[PDB]
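Please read the structure below before turning to the comments.
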Amino acid sequence: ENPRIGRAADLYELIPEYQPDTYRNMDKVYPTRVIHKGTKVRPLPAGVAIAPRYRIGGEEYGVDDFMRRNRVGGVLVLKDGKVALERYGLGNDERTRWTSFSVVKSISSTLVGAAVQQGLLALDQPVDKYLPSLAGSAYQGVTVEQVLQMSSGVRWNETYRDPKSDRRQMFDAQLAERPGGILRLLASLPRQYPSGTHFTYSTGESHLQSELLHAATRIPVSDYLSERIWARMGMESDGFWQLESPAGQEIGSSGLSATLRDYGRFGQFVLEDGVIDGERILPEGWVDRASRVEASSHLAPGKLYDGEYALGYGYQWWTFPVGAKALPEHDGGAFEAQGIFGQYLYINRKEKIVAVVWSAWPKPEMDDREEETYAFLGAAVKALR
């Protein structure tokens, strides 16, 4: 039947009939660059197969009821690099590419890491030594590391439903397809806190990661992604990345599309500390500082959003609370990427687990559905020990 794809300007507002079709057809509504795969494809062999179950409202329910309850489009659980569970929903299948939303944040954070391995970026360097457009802006002197940590301290109103918010202005720049629009909005924003001390979720600040990667590698970020990870490790199928303008610059904060198993392959890359075929794409201990939990830091779990959110922050990753504060089954030092409407890429080095979840919730944040996703994933961890 006819695909139900909505207007470019309605991405964050689609009615449910349109969300699946739009999310797996973003290249039919936005400018995109292709992330090329390569000749080699790393295997994801089958492994210990699990039929995880868990309880809700005092009743037991398995994978199908989770998919139905949380409008899930895909679930992949890898254990020890082998596929323990693999479902497609909402029309999808093995070849579908699904948009990441803010999940790409962590990807582009990882790419910063690979650049750091190569000498093109340093975490201590000022972000305007690489983008001179940000000289004399609030972002002058801010470090790469503070931007990774969403800690620049620049005033960023992230509200979507406020038409004159900074998030909405950024969305406007995107919809205008004018090169350098986002970067200009960024350079006109005022300072609010001392850099390094306060956390503000800012998709513009996240996009800075794309801008820096380009300034450093002087190639399109999609090609850098391909060269470091996608064609090296061997993703099975091409991806693509939404652009700010036709043949322009990758959105560093939104808009990547890959197959489910390719998302899993990236997660597997991360689990293995960024090592492919023996060469290190990521610096030693990159993954460790990317997901540091430290009780004294303004990023530690429990401290963000004035204590109304249980996860902390690393290098554009969300960190799970540890110790007595840990969620059931999520204690080893697990960390995730996530993006609105129900997108998760969860990594658990202790258990050697990667999980990918594609969803199409009606609203972009639902506490019931996030905690139920954590419940499902804990049931899987528990079933795989």
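All residue numbers for the sequence shown refer to full-length UniProt numbering, where the first residue is 30 and numbers rise by one.
Beta carbons: idealized from backbone N, C-alpha and C, even for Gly.
query	result
Per-residue burial, residue 120 [other beta carbons within 10 Å of its own, 16 or more giving buried]	exposed
Residue 269 in three-state terms, based on DSSP	strand
CB contact flag (residue 263, residue 70, <8 Å)	yes
Rounded straight-line distance, which links the Cα of residue 35 to that of residue 47	6 Å
Which of helix, strand or coil DSSP assigns to residue 48	helix
Boundaries of the beta strand (DSSP E) in which residue 387 is found, first to last residue	382-388
Spatial neighbours of residue 146 in its chain, beta-carbon cut-off 7 Å, leaving aside the 5 residues before and after	309, 310, 311 and 312
Among 106, 375, 40 and 156, the one whose alpha carbon lies nearest that of residue 244	156
Proximity of residue 368 and residue 379 at Cβ, strictly below 8 Å	no
Per DSSP, cross-strand counterpart(s) of residue 377	382
Where residue 108 sits in the DSSP three-state scheme	strand
CB contact flag (residue 202, residue 210, <8 Å)	yes
Assigned secondary structure, residue 345 (DSSP; H/G/I helix, E/B strand, else coil)	coil
Among 89, 191, 251 and 108, nearest to residue 60 - alpha-carbon criterion	251
Validate contact between the stretch 213-230 and the stretch 169-184 using beta carbons, cut 8 Å, 3 pairs	yes
As assigned by DSSP and simplified to three states, the class of residue 70	coil
Span of the alpha helix (DSSP H), counted from its first residue to its last, around residue 80	No alpha helix (DSSP H) contains residue 80, which DSSP labels as neither H nor E.
For residue 298 and residue 305, the rounded distance between their alpha carbons	7 Å
Contact the stretch 80-87 vs the stretch 282-300: 3+ CB pairs below 8 Å	no
Short Cβ contact (8 Å threshold) for residue 333 with residue 342	yes
DSSP-derived helix/strand/coil call for residue 230	coil
Beta-carbon proximity of residue 239 to residue 137, cut-off 8 Å	yes
Per-residue burial, residue 415 [other beta carbons within 10 Å of its own, 16 or more giving buried]	Nothing in the structure corresponds to residue 415, since the chain is present only between 30 and 414.
Closest by C-alpha distance to residue 74, when choosing among 50, 110, 43 and 93	110
Ordered list of alpha helix (DSSP H) runs contained in the stretch 152-186, each at least 4 residues	173-177
Reduced DSSP category for residue 138 - H, G, I as helix; E, B as strand; rest coil	helix
Cβ-based neighbour list, residue 76, same chain, cut-off 7 Å, excluding 5 preceding and 5 following	108, 109, 111, 112 and 113
C-beta atoms of residue 150 and residue 173 nearer than 8 Å	yes
Rounded distance between the beta-carbons of residue 187 and residue 230, thought under 8 Å	6 Å
DSSP-derived helix/strand/coil call for residue 87	coil
Residue burial classification, residue 325 (beta-carbon count within 10 angstroms, cutoff 16)	exposed
Proximity below 8 Å, CB of residue 384 to CB of residue 371	no
Nearest to residue 327 (by Cα), restricted to the options 289, 375, 175 and 196	175
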